[PDB]
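Single chain ahead, written as structure tokens, the form deposited in one PDB entry.
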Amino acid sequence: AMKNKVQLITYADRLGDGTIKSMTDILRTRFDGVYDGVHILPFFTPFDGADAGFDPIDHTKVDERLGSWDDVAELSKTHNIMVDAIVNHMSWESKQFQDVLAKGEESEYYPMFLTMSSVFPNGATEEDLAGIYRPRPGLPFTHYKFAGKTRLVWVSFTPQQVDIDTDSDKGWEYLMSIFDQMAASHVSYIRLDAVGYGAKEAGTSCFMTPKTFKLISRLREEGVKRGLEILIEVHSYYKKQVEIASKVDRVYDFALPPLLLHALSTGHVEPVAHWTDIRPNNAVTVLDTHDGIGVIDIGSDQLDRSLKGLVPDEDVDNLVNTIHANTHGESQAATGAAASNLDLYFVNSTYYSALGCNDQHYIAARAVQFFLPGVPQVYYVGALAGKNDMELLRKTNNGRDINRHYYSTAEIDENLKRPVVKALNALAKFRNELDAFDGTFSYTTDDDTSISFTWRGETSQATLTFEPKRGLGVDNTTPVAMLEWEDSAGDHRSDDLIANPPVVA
């Protein structure tokens, strides 16, 4: 099972000097006892193509500019490592796809890649194609020539990411090569990227269908067989996440991030209480990720608007406008059609910027994250309470880059001096050291105004009380989270997690 300790999510090259070795040095020298594990975002060949690692030419080969598998082995001595298995697609410059461009149906890899005809051998109606779930408008096809013949190749994301047939012999062999490589390279945990898209079937949405369930359970068993805990990435209507969670080791809690933005901007905690009541507890919790903020993950089902979310859709709309206001238009320049994006409706902003850089709100959001059942992950920009990177956004025109700043070691050290960053480091140490979090969880609530989360352990207990109504407003300085706990040294309390961070005896 996944260790119950806070993890860092990072690019190997955007934290430190630009290599896995430097990333490792930063973790060990500056976050000892803070981050006990790390999800290294894709570091395979190449890391800087069409989609920042997620279009691998060779998924089993570390980009030689970043380091080697030996570096990953070294890191594993001090940190449990999560990596991606990119199971849905690969680069069009992969040897496999290039072979198909060259030889078409004579290629041994022809069956490995999905085309329109793969899935719709007798053609498709408009309803058939319109019903395919998409993260942005436009059909999931682009033109490639197979031995000179124009073909419509299935592409869920960029046209450079060609989708594999996960039910083909060649496709499956490729996926198992990834699992074998990770098992042999001292990786602990696997993230199944975009796995909800991995199964296609004519007349279905091709997203989180019964065929997808079969794929997910098959991949999970291949993980367990190799000692790899499987986390699936699924941004979906919330009920689908609750459903699928009983079939895998971990799901993300993608509802919490926008639920907390809603709570912190309106004062309403009832939706957080309801989510606490029903959520899968085999979770990996986040606020920020390397993608945009999935505000729609708490909204109505996009393929059936009558299935309502955790908040009314009008509240999602309000949330989006609030982020835009809090970032003074920054998120508007990065979000949706305003920049290049895979997800039309995710909001591109750092989480700290989305809160208008309010320290009390931000530390409160992390405290709530750490107190809900699940293994917590902190994205590296969030680990340094990072603001929107408008210069990088202007340079690349890639919307998500607003939240993918390159941190030199010098900039890391500068940010480590900030009270809010010191507070997060201390909070994560606390979350790693108190045995209460390995015990039994309970919560109480005061009708939409207050919620208190309690853990009771073998030798400790802790209660976090969250009351955003106390400090509404981007310039508010009033604490909205309070912490009480018992350890070796008796009862303790902090009423201001920034001014008085908790330390376990």
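Heads up: residue numbers just count along the shown sequence, starting at 1. Rigid core (definition): largest C-alpha set, two forms, superposition within 1.5 Å.
Note that the form deposited in another entry isn't included here; everything after this is about it.
Asks: After fitting the rigid core, is the C-alpha of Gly336 off by 2 Å or more between this form and the one not shown?
Replies: Yes: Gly336 shifts by at least 2 Å between this form and the one not shown.
Asks: Superposing on the rigid core, does the Cα of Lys422 end up 2 Å or more away between this form and the one not shown?
Replies: The answer is no; the displacement is under 2 Å.
Asks: Do you see a C-alpha shift of 2 Å or more at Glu411 between this form and the one not shown, with the core held fixed?
Replies: For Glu411, whose C-alpha is compared between this form and the one not shown after core superposition, the shift is less than 2 Å.
Asks: In the other form, do the Cα atoms of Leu342 and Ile86 sit closer or farther apart than here, given a shift of 3 Å or more?
Replies: Farther: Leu342 and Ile86 separate by 3 Å or more in the other form.
Asks: Relative to what we see here, could you say if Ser340 and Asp297 have their Cα atoms closer or farther apart in the other form, with a change of 3 Å or more?
Replies: Those two alpha carbons end up closer in the other form.
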